[PDB]
Amino acid sequence: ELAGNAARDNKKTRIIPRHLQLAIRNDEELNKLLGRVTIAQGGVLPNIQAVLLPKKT
Amino acid sequence: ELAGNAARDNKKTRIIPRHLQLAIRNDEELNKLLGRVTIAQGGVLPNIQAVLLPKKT
Amino acid sequence: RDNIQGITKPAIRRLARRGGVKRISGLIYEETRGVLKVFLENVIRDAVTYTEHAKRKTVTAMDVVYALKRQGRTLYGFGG
Amino acid sequence: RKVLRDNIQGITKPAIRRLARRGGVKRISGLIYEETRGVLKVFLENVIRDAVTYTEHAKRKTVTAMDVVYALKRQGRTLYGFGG
Amino acid sequence: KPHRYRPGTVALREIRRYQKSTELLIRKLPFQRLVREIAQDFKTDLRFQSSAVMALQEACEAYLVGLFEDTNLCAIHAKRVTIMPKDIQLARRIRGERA
Amino acid sequence: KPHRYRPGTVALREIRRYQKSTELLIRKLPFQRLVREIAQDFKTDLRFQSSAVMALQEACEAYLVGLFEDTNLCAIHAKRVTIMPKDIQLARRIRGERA
DNA sequence: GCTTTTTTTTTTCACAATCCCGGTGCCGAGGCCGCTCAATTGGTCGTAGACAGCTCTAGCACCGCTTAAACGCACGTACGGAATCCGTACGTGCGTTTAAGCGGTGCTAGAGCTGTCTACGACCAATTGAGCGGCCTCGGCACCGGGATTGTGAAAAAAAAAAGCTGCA
DNA sequence: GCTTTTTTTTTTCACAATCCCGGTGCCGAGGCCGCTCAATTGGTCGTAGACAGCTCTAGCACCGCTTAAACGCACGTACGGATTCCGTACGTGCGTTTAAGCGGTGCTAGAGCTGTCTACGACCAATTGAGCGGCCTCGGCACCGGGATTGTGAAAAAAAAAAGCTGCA
Ligand SMILES: [Ca+2]
Ligand SMILES: [Ca+2]
Ligand SMILES: [Ca+2]
Ligand SMILES: [Ca+2]
Ligand SMILES: [Ca+2]
Ligand SMILES: [Ca+2]
Ligand SMILES: [Ca+2]
Ligand SMILES: [Ca+2]
Ligand SMILES: [Ca+2]
Ligand SMILES: [Ca+2]
Ligand SMILES: [Ca+2]
Ligand SMILES: [Ca+2]
Ligand SMILES: [K+]
């Protein structure tokens, strides 16, 4: 369901590893279950620590 | 062999958990094997990070 | 029932001594308390789950030991 | 056939910089790059040794993707998308 | 004769003292009560073997001493001698006890 | 005059790029050679199924990428923006990787 | 309160990268199909484990001691964290250099499958002794204590160095 | 080079902690004993897998081009880290309070054991359909070019500070 949604989100008809990774990593529980799991060709969630951005206004 | 030494250094004829915990933690290889193990009534190896000790006089 | 406060400042200090810690902010004693709580929840849940599966009303050492092992925190000297 | 070169250097500064980009790192000490290589090296040693053992046990002369996978799962670094 | 050790000096003595010993550092009953209190939330009218409470304490304390060790390093990594909440959160974030 | 982005502003661009993508960030052959180089040290004259070299890469890049994550958190813990070998060693110490 | 300088915040574009569409082409998802081997049916036979009955263990509750440990306040020292400062390490952008990646081709170690036979391990029934639970003794070890020793500070007292004067060739 | 004053060095007095003597007391290591239950001996029976032999997957090598990527250097910004500085959140140590710890007594849930009986799962042989491999096609998606949007940053105008006068008094 989730992967699928993150595929629809990408305007892509076929689920790919990225979609799986996004589904899993973005979902508190799935993530725990797959805590020590490495999805091949999955990448990582967009995440830039706050203090590394410049001063916003 | 190692714990029994540890006892004999303490002036004891009984091996006890501390002797076991000492034997193991001061032995690079054993320590590694029992890295994710807790020895009940073992305690820890005396260790005070240097920065915390006072400028020596 | 608020037994978490039974985990006194002194006892907490002691533990951290043994961890080679020298100076301790005041906010840590509560932070410690939470952590300690979360740990126990995770261990006890599992332990009791073993208890309920053997259809008992009395939690055993083994229950604990079997839980701790699931949790990666294997324990020697209570019937491993 | 042939004994191999000194390749660890092929894990270039660019590549190491790219990987640390993926990890959200903005600024990078000069000393990082060589330290990484050492870490990377030790990682590959550890996995490959285990894989090769699974190879050697199966009396095969060709390391399989599954050898890697079994080793990686042994090392606590479970990998999806290559079997098992 | 007003004799006082300067701040940090008994702390060190303590560190030496307790690393050397094995006895449990949390008082036992309070611990026991806490276990029982937490137990209730999963299944009522439980009992415990005394030895199962001791296995739990041995484990918790060991957990904590260890977590402190890592916390202390994280303090020192920020050029501090005093451990702070944030140090513990980093220790656990890196360990993977939380996000 | 000529354009020139301030120090950091491309680095952030790079971050966004690479977190958005899934492609392997080490060059495939050098990795291959390195694997074989390390392979030898255990057993001579060995073959690798591509899928096995690739599974090693996926696994490597992943490990390294996480280490940078833990590392950046150690830098930021010491009120820095710049990761250092002392940051890595802490991640790895706390992780349990080395003593 | 004045007044100038920095300094901060806001305004005006110019550029460069990123994003988004339609177009084009390629290849792998998707599904059909035919055959195989692994699920299903419908048998029997044995024992795992549910169940009731009982023993007695160890978990629970309560009491009252005697401390050792918690607590809560008084007082100050050393530590955290803000502010200030300087030097250069590391990001950016450019042109030069290098080799990864592309695909193609040819050569073959070795992955992987089959068929043949037998050494070896499960699986009987029978013999039996090593290791189990229970129980008894006595020395190791905890405990005290005291008084000597030493390792570990902290204060106060002496040396050296810092800051301010100075006068002098 | 002298004075003064601030920092650092040195000694000189203290105090928990340690250790070596002695001495004492208690309980659990460590050994004994009387079973029994689990390892051993022996032989039977069925198939797991070493081994030989064939297939043919796919792994390795080799080359020469295109160009994306790596390399090296010029240059200066904003970073890391040193230094300096103040407020107070911490650790030390009083005294008073609290409740844990022990030793012991009393009750019973419930843990754990025994034996009994049968519903349920292993095992088989025959039956057969689902899920395998092979195969084919066609639409999603990767790739590109081109145009619209987005966000960075430089330089030039308004607000908006210190930051240093001017009295004022
Ligand atoms: Ca039975
Ligand atoms: Ca400081
Ligand atoms: Ca015995
Ligand atoms: Ca007897
Ligand atoms: Ca004895
Ligand atoms: Ca004696
Ligand atoms: Ca004494
Ligand atoms: Ca066979
Ligand atoms: Ca029952
Ligand atoms: Ca069909
Ligand atoms: Ca198919
Ligand atoms: Ca189709
Ligand atoms: K009981």
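Mean per-residue shielding of peptide D:8-14 is 4, counting Cβ atoms of other chains within 10 Å of each Cβ.
For the residue pairs D:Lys61/F:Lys28; E:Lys86/F:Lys28; C:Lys69/D:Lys59; A:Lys12/F:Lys86, the C-alpha atoms sit more than 31 angstrom apart in E:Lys86/F:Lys28; C:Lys69/D:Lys59; A:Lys12/F:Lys86.
When exposed loop sites are taken as trypsin sites (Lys or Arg not before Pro) in a DSSP loop with at most 15 other Cβ atoms within 10 Å, the longest stretch of chain E clear of them is E:44-78.
Classify chain B: rounded, prolate or oblate, from the alpha-carbon gyration tensor (a ≥ b ≥ c, eigenvalue square roots; a/c under 1.5 rounded; otherwise prolate if a/b is larger than b/c)? Oblate, since a/c reaches 1.5 and b/c is not below a/b.
Whole-Hz Karplus values for the stretch A:20-25 come out as 4, 4, 5, 3, 5, 5 Hz, taken residue by residue from phi with 6.51 cos²θ - 1.76 cosθ + 1.60 and θ = phi - 60°; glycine and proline positions read x.
Between F:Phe48 and D:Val63, the built amide H atoms are under 5 Å apart, and every one of these is 5 or more places off in sequence or on another chain. Listed by chain and number, the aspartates and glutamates placed with their C-alpha closer than 16 angstrom to that of F:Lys43 are D:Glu45, D:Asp50, D:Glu56, D:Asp67; residues fewer than eight positions away on the same chain are left out. Charge tally for D:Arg18 (other residues, Cβ to Cβ under 11 Å; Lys, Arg +1; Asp, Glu -1): +3. Look at the stretch D:74-83: the mean tally of other chain Cβ atoms within 10 Å of its residues' Cβ atoms is 6. The GluC sites (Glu not before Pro) of the stretch E:1-50 that DSSP puts in a loop, and whose beta carbon has at most 13 other beta carbons within 10 Å, are E:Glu23. Each copy carries B:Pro17; placing its label point 7 Å along the C-beta direction from Cα gives inter-copy distances of 4.5 nm, listed from smallest up. If you wrap chain E in the convex hull of its Cα atoms and look at it from every side, the mean projected area works out to 9.7 nm². Computed from Cα atoms, the angle from the helix E:85-95 axis to the main principal axis of chain E rounds to 60 degrees.
The angle between the Cα long axis of helix C:9-18 and the main principal axis of chain C comes to about 90°, on a 0 to 90 degree scale.
Loop-located trypsin sites (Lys or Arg not before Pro) across chain A with a Cβ neighbour count of 12 or fewer within 10 Å are A:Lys11, A:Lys12, A:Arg14, A:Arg36, A:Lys55, A:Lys56, with loop assigned by DSSP.
With contacts taken as Cα pairs under 8 Å and at least 6 residues apart, chain C reaches a relative contact order of 21 percent. Bridging of C:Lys55 to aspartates and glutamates at a Cα separation below 15 Å is possible for C:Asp46, C:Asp63, E:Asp45, once same-chain residues fewer than 8 apart are set aside. In nanometres and ascending order, the distances from the F:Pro30 label point to those of the other copies are 5.7 (point 7 Å from Cα along Cα→Cβ). The Cα-based radius of gyration of the protein assembly as shown, divided by its Kirkwood radius, gives an Rg/Rh of 1.00. Does anyone have the angle between helix C:61-70 and the longest principal axis of chain C? Alpha-carbon axes, 0 to 90°, nearest 10? So the inclination is approximately 70 degrees. For the rotation carrying B onto A, the chain B residue whose Cβ lies nearest the axis, with the distance in whole Å, reads B:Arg36, 7. When the Gaussian network model of chain F links Cα atoms closer than 10 Å, the mean-square fluctuations of F:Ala11, F:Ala39, F:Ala59 top out at F:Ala11. Which of the GluC sites (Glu not before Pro) found in the stretch B:1-49 are loop residues per DSSP with 12 or fewer other Cβ atoms within 10 Å of their Cβ? In loop regions of the stretch B:1-49 (DSSP not H, G, I, E or B), the sparsely surrounded GluC sites (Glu not before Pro) are B:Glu1.
Under 13 Å of direct C-alpha separation, and excluding same-chain neighbours fewer than eight residues apart, D:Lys26 reaches these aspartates and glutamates: F:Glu14, F:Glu69.
Shown for D:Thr53, C:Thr60: other C-beta atoms within 10 Å of each C-beta, ranked fewest to most, produce the order D:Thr53, C:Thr60.
For B:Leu33, inter-copy separations between label points set 7 Å beyond Cα along the Cβ vector come to 3.7 nm, shortest first.
Values in this text are rule-based calculations from the coordinates and carry no lab data. Note: ideal-geometry Cβ built from the backbone for every residue, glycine included; neighbour counts use all protein chains shown.
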